[PDB]
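A.B. asks: Before I ask anything, let me first share the structure, which is written out below as structure tokens.
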Amino acid sequence: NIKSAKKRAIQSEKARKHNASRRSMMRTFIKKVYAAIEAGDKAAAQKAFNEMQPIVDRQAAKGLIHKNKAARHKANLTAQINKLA
Amino acid sequence: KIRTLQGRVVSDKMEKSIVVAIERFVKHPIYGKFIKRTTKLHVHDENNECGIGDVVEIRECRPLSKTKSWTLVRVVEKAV
Amino acid sequence: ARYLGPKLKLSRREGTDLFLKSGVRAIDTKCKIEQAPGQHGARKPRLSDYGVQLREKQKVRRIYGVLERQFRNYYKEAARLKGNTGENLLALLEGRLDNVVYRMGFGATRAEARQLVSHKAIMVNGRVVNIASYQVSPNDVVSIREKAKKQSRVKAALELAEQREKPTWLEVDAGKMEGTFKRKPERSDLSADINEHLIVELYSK
Amino acid sequence: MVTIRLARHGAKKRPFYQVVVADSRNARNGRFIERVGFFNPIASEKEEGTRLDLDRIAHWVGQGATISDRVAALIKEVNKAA
Amino acid sequence: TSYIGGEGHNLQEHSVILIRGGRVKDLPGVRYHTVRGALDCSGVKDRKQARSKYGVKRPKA
RNA sequence: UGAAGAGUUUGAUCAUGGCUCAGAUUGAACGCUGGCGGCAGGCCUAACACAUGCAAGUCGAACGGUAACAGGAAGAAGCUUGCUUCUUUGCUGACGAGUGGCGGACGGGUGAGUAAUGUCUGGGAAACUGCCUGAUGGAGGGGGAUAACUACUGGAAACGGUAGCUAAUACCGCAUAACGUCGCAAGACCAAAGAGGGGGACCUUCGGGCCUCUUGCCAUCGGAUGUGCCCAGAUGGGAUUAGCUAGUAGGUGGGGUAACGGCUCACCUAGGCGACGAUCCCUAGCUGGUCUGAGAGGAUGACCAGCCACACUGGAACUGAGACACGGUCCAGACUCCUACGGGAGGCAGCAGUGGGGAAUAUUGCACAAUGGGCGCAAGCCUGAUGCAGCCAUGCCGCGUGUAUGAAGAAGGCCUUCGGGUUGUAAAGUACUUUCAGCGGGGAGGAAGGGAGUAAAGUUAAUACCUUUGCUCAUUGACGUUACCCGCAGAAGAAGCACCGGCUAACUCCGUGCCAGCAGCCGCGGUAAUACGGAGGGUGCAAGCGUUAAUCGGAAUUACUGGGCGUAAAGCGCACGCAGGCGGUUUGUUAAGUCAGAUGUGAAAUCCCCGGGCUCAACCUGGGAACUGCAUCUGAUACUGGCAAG
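Residue numbers (our numbering), protein chains in the order written: chain R, -14 to 70; chain E, 289 to 368; chain D, 1462 to 1666; chain V, 37 to 118; chain L, 120 to 180.
This is how it looks when you write it as structure tokens:
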């Protein structure tokens, strides 16, 4: 019907695709941390986290996540690394 | 410290949790007889340190599990 | 609203002179007071404990021309006031402008007062009022507008008033033909044979 | 968006407005927070046309409340008068 | 069953009628009392008093 | 300020006991009738199907731009001697389509679902909060794009695909660095945007920089507001529903959300819920309130307002501060329709209207002038919200339909002892009045504001600009030929409806002859019948008046206030007894019940009171009272409960 809705629709499809790419990118730099947590290496997990920390915190700043889910993923991975070794 | 609802624990079996039964008068709204209405309510007890039948002093906390929102502050009676 | 009325078969039923007509009409002079209101003559009236308050409620309604809707509204706003419910009814019926323009001495019957009021003639507190139900508050000064000061009626109907009694809760300066409802009428000076404690049981069923 | 708009409450052809403090998202004759004074547009010294309770308006305005269009005039037409 | 009271009768076997209520006291359970002169059932003949309770309306008079 | 009874079982009466009636109210309907006007309501049924029109946009001060329109600018030309026919330019106002921002989550509808983590009251913590507000800072630099647009370009269509094109406050990196997050601490890591207005003064590749103005931007901390979550109590019928429950109850850990939590997963414990009614079934949106009632209570929940839930039926999620989203997306199904049959399109529980169903419920209006809302720097656009109009006696309120005087009681009717009485001063006639409707002219108030100039110490440039004020000028009303006022007519246009045996105010005559019929009850009709039908007369109410339906009352007829059980209905056939319910007496203690006081809260409107404004009233409205509650705190300690001693 309305001219608004059929622009907000294509706009939301574009934003869907772009947001989806960002979140399925960050869900790789968290699973790279997990694949080292289960691997039981302190150092490899340390690099995995020190590379995660921008990406999960970068878009929490300006997008998908916001500060509380970024805080959660930082915290409950620092905690898991600490008690790894 | 809100009103620290005194109650008598019913069943301390369940792990780190109890069942405290509060008892209350209330005048019957339509007939006027002071009836005794119990208020059973799950309480989180952290050490299983209270046995059936001793009056405890419980408090409102954030929900701690599905249907468990009370913890006690201190016990004022021994089970036996 | 007023319904053109039962004429004198009105007052014949109640017995007492209910003033729809005023003049030499007090004596019979073609009125035939209580010969018969109709088909049967002086049939003995076997009124029940009910009929003798319907009779008085419609003595009161039909003195003033009030009706069942307005008379029950008057009943309710007389029964929510403070004090004697019956004297409250008579007070708020006596303060009615249709009435007061009569008790002033203007006109000759409350139908004439109801018509003068409705025809802009009576003007109270300096602003024209043509509602007959306007409850005249005390200390008001009722008048007659300039157009109707000498119209046809109040020059003679006023002379038909001095032989009549002077109601003592309002004063009439007939020489200037403007009056002042000075204070609230009471039961005692409102010298009527009306038993309030029949009406009040009629409505308080 | 707490606002100090007006709600129309009087009968037909004769509007009466309460100066209400309510947020924007509510319909003007929906919910509200505080009722600080009224406005009766009718004139010719029937009565006071406005009573307004300036201290609660000043409080709300200093608390982040957007004082609306007609009521803005209502404020100073009081202050200019007194 | 509905009673067709009035001063005379005018219905048929398929005319649509407007049932009313108000039990009749004689028949063993005719407790609806058809309205006169509202739906396709005519009024009553030459009837002057209580004329509203039947479907006839103001002879010139 | 508060409280009524009557009839009816009998030859008859005292009681029981139902049944009926008299009051008030309705989102009413129907029957007969009808003049106004004010205020207010108006599909209660099929959450059935929906023609057709409107119901959601805005900003060119974000940016490519020109699709038009206009201001034109330039140019070629008509001379048309300086006027205007043409070709380019977005150069300008401005603006279609496009990207972008914000709003489509509000406002508006409905009550299907929901019997309860939904609603109401009262507390609480483990949370976010676009717009608005205070404080603090930051606000450098770079990139790759893609619609627009161009040109091909399939598809009947719906709708696309190729090749170039292109900017931005779009998008993303970089330096960026806490008052941030993670972390014990160290350390680590994280953002952003420009835009206009005038350029004083200067520079200017004359881009603009640069000064300045305004506004926007990023980060953090508050605020307010909104929302999420939690707990307790209270919220329908059925026990002819007595057992239910395995992520089910809890605990470890992961994982998950803004946030706690079985919210989810692995594991372990074997619980949890239930007579104080779980589970199951039926019905139902919930509240302030409405009606009724002396009141307790009962019945309700259309209007108005707060919360909830749904948006053709059923799944899901995206985008976003906020949705699982009426006029948004994907998917199914039923449909309705286009279809070239290969495929597509739609959702009035918005407004008005249509078909249907129904006893029953309205216009396919006017304006955004007010109030509010969205976007905007503002002018402004948009608003089926809203304001008003239309229809409808649906209600409530106010008015009118004439007023006086008038007999030999005019005739004429009714009856009639024929005497007359009655209809009845009623009529006619007599003098007069014009309120409403009619005609004519006067005629507010709802309009505050916004526009154009004007002083500014404000701001810096000093006036520039902007800002607010102050002043001046002109300007905005749908309704609406407004209310109201004044002139002109003449009684000129304005009365019905039920009822009359008792209950109940109000009876006579005739026809009928258990027939036609009536009827709320008692009961009438079989030769007068004040009960049916007609006439005259009266009674009651009056633009109404009757009937049906519905609720409460009366009904003390579910009885808490406020009933009973020998014989009227009603003591289990009798015991024992768990749970339950009650508990002698003195002292001490507590202070849970109780009581007093206090503090918050009990939305607004409703209800009541004293007012006030509409010529009165309905109606509107100020202030109070009231909301009989809940929670917290402080006292008392007689009575009830606890604990102890007897």
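Cβ atoms here follow ideal geometry from the backbone N, Cα and C, with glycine treated the same way.
Report buried or exposed for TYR1511 (chain D), applying the criterion of at least 16 other Cβ atoms within 10 angstroms of its Cβ.
C.D. replies: Residue 1511 (chain D) sits at position 50 when you count from the first residue of the third sequence. By the neighbour-count rule (16 or more Cβ atoms within 10 Å), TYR1511 (chain D) is not buried but exposed.
A.B. asks: Report the rounded CA-to-CA distance for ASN35 (chain R) versus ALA5 (chain R), giving the unit in angstroms.
C.D. replies: For this step, residue 35 (chain R) is matched to residue 50 along the first sequence. For this step, residue 5 (chain R) is matched to residue 20 along the first sequence. Their Cα atoms are separated by approximately 23 Å.
A.B. asks: Name the DSSP beta bridge partners of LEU42 (chain V), please?
C.D. replies: Looking up residue 42 (chain V) in the fourth sequence gives position 6. According to DSSP, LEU42 (chain V) bridges with V:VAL55.
A.B. asks: What do you get for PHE1567 (chain D), buried or exposed, if any count of 16 or more other CB atoms within 10 angstroms of its CB means buried?
C.D. replies: On the third sequence, residue 1567 (chain D) is found 106 positions in, with the first residue counted as 1. When all chains shown are included, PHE1567 (chain D) counts as buried.
A.B. asks: Looking at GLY1526 (chain D) and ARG1575 (chain D), is the spacing between their C-beta atoms short of 9 Å?
C.D. replies: What you label residue 1575 (chain D) is simply residue 114 of the third sequence in a count that begins at 1. What you label residue 1526 (chain D) is simply residue 65 of the third sequence in a count that begins at 1. Their beta carbons are under 9 Å apart, which means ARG1575 (chain D) touches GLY1526 (chain D) by this criterion.
A.B. asks: What residue from E:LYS366, E:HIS332, E:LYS354, E:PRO351 has the CA that sits closest to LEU360 (chain E)'s CA?
C.D. replies: Along the second sequence, read from residue 1 onward, the residue named residue 360 (chain E) stands at position 72. Nearest C-alpha to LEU360 (chain E): E:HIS332.
A.B. asks: Among residues of its own chain, excluding the 5 on either side of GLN38 (chain R), which ones have a beta-carbon nearer than 8 Å to its beta-carbon?
C.D. replies: The residue you call residue 38 (chain R) lines up with position 53 of the first sequence. Around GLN38 (chain R): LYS59.
A.B. asks: Of the residues V:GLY66, V:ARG67, V:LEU90, V:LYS116, which one's Cα is nearest the Cα of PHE74 (chain V)?
C.D. replies: Working through the fourth sequence from its first residue, we reach residue 74 (chain V) at position 38. Ranking the options by Cα distance to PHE74 (chain V), first place goes to V:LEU90.
A.B. asks: First and last residue of the beta strand (DSSP E) that includes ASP1634 (chain D)?
C.D. replies: As a first step, residue 1634 (chain D) is located in the third sequence; it is residue number 173 there, counting from the start. Note, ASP1634 (chain D): beta strand (DSSP E), 1632 to 1634.
A.B. asks: As a quick exercise: from D:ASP1634, D:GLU1555, D:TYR1536, pick the residue whose alpha carbon is nearest that of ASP1650 (chain D).
C.D. replies: In the third sequence, the residue the question calls residue 1650 (chain D) occupies position 189. When only C-alpha atoms are compared, the closest one is D:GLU1555.
A.B. asks: Can you tell me which of the three DSSP states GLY295 (chain E) falls into?
C.D. replies: If you number the second sequence from 1, residue 295 (chain E) lands on position 7. In the structure shown, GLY295 (chain E) sits in a strand (DSSP, three-state: E or B).
A.B. asks: Among the residues of its own chain, which have a CB less than 8 Å from the CB of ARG7 (chain R), if the five just before and after it don't count?
C.D. replies: Sequence index remark: in the first sequence, residue 7 (chain R) carries index 22 (1-based). Excluding residues within five positions, the ones whose Cβ falls inside 8 Å are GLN44, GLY48, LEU49.
A.B. asks: Quick one: what does DSSP say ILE111 (chain V) is sitting in, helix, strand or coil?
C.D. replies: On the fourth sequence, residue 111 (chain V) is found 75 positions in, with the first residue counted as 1. It is helical.
A.B. asks: Measure from the alpha carbon of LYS49 (chain V) to the alpha carbon of each residue in V:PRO77, V:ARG61, V:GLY66, V:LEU110, then state which is nearest.
C.D. replies: Position 13 of the fourth sequence, counting from 1, holds the residue named residue 49 (chain V). Nearest option by C-alpha distance: V:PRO77.
A.B. asks: Let me make sure I understand the geometry here. Which of D:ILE1655, D:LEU1558, D:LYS1491, D:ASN1549 has the alpha-carbon closest to that of residue 1667 (chain D)?
C.D. replies: Missing from the structure shown is residue 1667 (chain D); chain D here goes from 1462 to 1666 and no further.
A.B. asks: Quick test of the definition: if touching needs 3 or more C-beta pairs under 8 Å, does the region 337 to 350 of chain E touch the region 298 to 308 of chain E?
C.D. replies: Yes: the two stretches touch, three or more of their Cβ pairs being nearer than 8 Å.
A.B. asks: State the CB to CB distance for the pair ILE138 (chain L) and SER121 (chain L), rounded to an integer number of angstroms; the pair is presumed to be in contact (CB under 8 Å).
C.D. replies: Counting from 1 along the fifth sequence, the entry for residue 138 (chain L) is found at position 19. Counting from 1 along the fifth sequence, the entry for residue 121 (chain L) is found at position 2. Confirmed, Cβ separation roughly 5 Å.
A.B. asks: Could you name the residues of the same chain whose beta carbon sits closer than 6 Å to that of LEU1621 (chain D), not counting the 5 residues immediately before and after it, in chain order?
C.D. replies: The count along the third sequence starts at 1 and reaches residue 1621 (chain D) at position 160. Correct list, in chain order: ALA1569.
A.B. asks: Secondary structure at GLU311 (chain E), three-state DSSP: helix, strand or coil?
C.D. replies: Reading the second sequence from its first residue, position 23 is the one you call residue 311 (chain E). Of the three classes helix, strand and coil, the one that applies to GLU311 (chain E) here is strand, per DSSP.
A.B. asks: Pick from E:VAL344, E:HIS330, E:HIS316, E:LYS321: whose alpha carbon is nearest that of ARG350 (chain E)?
C.D. replies: Position 62 of the second sequence, counting from 1, holds the residue named residue 350 (chain E). Among E:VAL344, E:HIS330, E:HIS316, E:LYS321, the Cα nearest to that of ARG350 (chain E) belongs to E:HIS330.
A.B. asks: So if DSSP puts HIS128 (chain L) in a beta bridge, which residue, or which two residues, is it bridged to?
C.D. replies: Here residue 128 (chain L) is taken as the residue at index 9 of the fifth sequence, counted from 1. None, per the DSSP bridge assignment.
A.B. asks: Does the Cβ of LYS1543 (chain D) have 16 or more other Cβ atoms within 10 Å, making it buried, or fewer, making it exposed?
C.D. replies: Looking up residue 1543 (chain D) in the third sequence gives position 82. Result: exposed.
A.B. asks: Rounding to the nearest angstrom, what Cα-Cα distance links residue 242 (chain E) and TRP358 (chain E) in this structure?
C.D. replies: Nothing can be reported for residue 242 (chain E), as the shown portion of chain E is limited to 289 through 368.
A.B. asks: With DSSP collapsed to three states, give me the class of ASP1601 (chain D).
C.D. replies: Within the third sequence, numbered from 1, the residue matching residue 1601 (chain D) stands at position 140. Residue state, collapsed to three classes: strand.
A.B. asks: Assign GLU1657 (chain D) to one of two classes, buried (16 or more other C-beta atoms within 10 Å of its C-beta) or exposed (fewer than that).
C.D. replies: Taking the first residue of the third sequence as 1, we reach residue 1657 (chain D) at position 196. It counts as buried.
A.B. asks: Kindly indicate which three-state DSSP category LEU1619 (chain D) falls into: helix, strand or coil?
C.D. replies: Locating residue 1619 (chain D) in the third sequence gives position 158, counting from the first residue. Reduced to three states, the DSSP call for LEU1619 (chain D) is coil.
A.B. asks: Output the distance between the C-alpha atoms of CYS1492 (chain D) and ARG1486 (chain D), rounded to the nearest integer angstrom.
C.D. replies: Residue 1492 (chain D) sits at position 31 when you count from the first residue of the third sequence. Residue 1486 (chain D) sits at position 25 when you count from the first residue of the third sequence. So the two alpha carbons sit approximately 7 Å from each other.
A.B. asks: Hey, could you find the ends of the beta strand (DSSP E) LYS356 (chain E) is sitting in?
C.D. replies: Here residue 356 (chain E) is taken as the residue at index 68 of the second sequence, counted from 1. Segment 356 to 363, the beta strand (DSSP E) holding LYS356 (chain E).
A.B. asks: Jot down the residue ranges of each uninterrupted alpha helix (DSSP H) in the region 1503 to 1535 of chain D, minimum 4 residues, whole runs only, in chain order.
C.D. replies: List check, alpha helix (DSSP H) in window: 1512 to 1525.
A.B. asks: Could you tell me the distance, in whole angstroms, from the CA atom of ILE66 (chain R) to the CA atom of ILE22 (chain R)?
C.D. replies: Position 81 of the first sequence holds residue 66 (chain R). Position 37 of the first sequence holds residue 22 (chain R). Whole-angstrom Cα-Cα distance: 7 Å.
A.B. asks: In the structure shown, what three-state DSSP assignment does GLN1496 (chain D) receive?
C.D. replies: The count along the third sequence starts at 1 and reaches residue 1496 (chain D) at position 35. Here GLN1496 (chain D) sits in coil by DSSP.
A.B. asks: DSSP puts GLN1596 (chain D) in a beta bridge; with which residues?
C.D. replies: For this step, residue 1596 (chain D) is matched to residue 135 along the third sequence. Note: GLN1596 (chain D) sits in a beta bridge opposite D:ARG1557.
A.B. asks: From what residue to what residue does the beta strand (DSSP E) around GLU70 (chain V) run?
C.D. replies: By one-based count along the fourth sequence, residue 70 (chain V) stands at place 34. Taken as a continuous stretch (DSSP letters only), the beta strand (DSSP E) holding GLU70 (chain V) covers 70 to 75.
A.B. asks: Mind checking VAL314 (chain E): buried by the 16 CB within 10 Å criterion, or exposed?
C.D. replies: The count along the second sequence starts at 1 and reaches residue 314 (chain E) at position 26. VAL314 (chain E) should be labelled exposed.
A.B. asks: Look at the alpha carbon of residue 191 (chain L) and the alpha carbon of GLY174 (chain L), and state the distance between them as a whole number of angstroms.
C.D. replies: In the structure as shown, chain L starts at 120 and stops at 180, and residue 191 (chain L) therefore has no counterpart that could be examined.
A.B. asks: How is the alpha helix (DSSP H) around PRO1646 (chain D) delimited, first residue to last?
C.D. replies: Stepping through the third sequence from its first residue, residue 1646 (chain D) is reached at position 185. Per DSSP, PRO1646 (chain D) belongs to no alpha helix (DSSP H) and is neither H nor E.
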